[PDB]
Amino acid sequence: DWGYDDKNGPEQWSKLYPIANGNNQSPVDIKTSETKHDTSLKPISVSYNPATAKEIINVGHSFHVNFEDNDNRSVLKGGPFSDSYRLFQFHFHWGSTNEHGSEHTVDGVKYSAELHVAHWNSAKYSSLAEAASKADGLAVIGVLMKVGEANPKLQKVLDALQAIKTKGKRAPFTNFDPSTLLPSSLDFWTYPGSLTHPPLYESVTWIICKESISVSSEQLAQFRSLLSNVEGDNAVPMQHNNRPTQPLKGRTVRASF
């Protein structure tokens, strides 16, 4: 079973997932002196229906908030896309201390956490399963989370975690629009990349927001107090789940700004 421990963690993933050492791996360090302003990039447009929010789940290495993805009620458009992308999930990554925890870095700076809002190409493909095997199948919005003031927009999410404390627990999570978590500016970087954990498929168009959102030290502690163990076992806190940055291998990061 893959994880983030020394034995099952990012450094070992290449043994069952050799794409780990591929040419389009994520995350990356965004060097602002090497980005290329692209005039053809349209603004990002999100239109999410809060009725598509379904369920929150403890998946052992992280937690996921899933959405109903049977129709186009909740869609991403614009940016580098011709196609509409259908929201299916959001989740976070964090680190063992405030010093690190983001997956993407900007000019070598590490943030405390990172929000991923994940979508699949419903213009071209008819399921997440089909879309995840395609170079153009997935679109993920990444938002860097900078330790500081408590973020009240996180409140429904953090309040839900006490019902999913241990691995495999799940609960209804309804009437939530995750566009409320995005920063006020949607200026972005984009590059072609991958899932940041197994199976590490090179199927993702990344959209990284230049503006951070806030999170308090105590809000991060709530993520780290989730348990990776099943109920009844010895408590094993979910201390971290961020992958180190990977080589660009000649990819261009483009800037909308």
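Each residue number is its position in the shown sequence, starting from 1.
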query: Mean Cα B-factor comparison, 1-9 or 248-256, giving the higher one as deposited; finding: 1-9
query: Mean C-alpha temperature factor, higher of 92-100 and 140-148; finding: 92-100
query: Selection from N72, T180, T166, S112 [criterion: highest C-alpha temperature factor in the record]; finding: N72
query: Top Cα B factor in the deposited entry, candidates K54, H197, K42, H64; finding: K42
query: Position of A132 among the chain's modelled residues by C-alpha B-factor, lowest, middle or highest third; finding: highest
query: Chain third (lowest, middle, highest) by recorded CA B-factor, residue given as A160; finding: middle
query: Relative C-alpha B-factor of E211, binned into the chain's lowest, middle or highest third; finding: lowest
query: Chain third (lowest, middle, highest) by recorded CA B-factor, residue given as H119; finding: lowest
query: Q25 by Cα B-factor - lowest, middle or highest third of the modelled chain; finding: middle
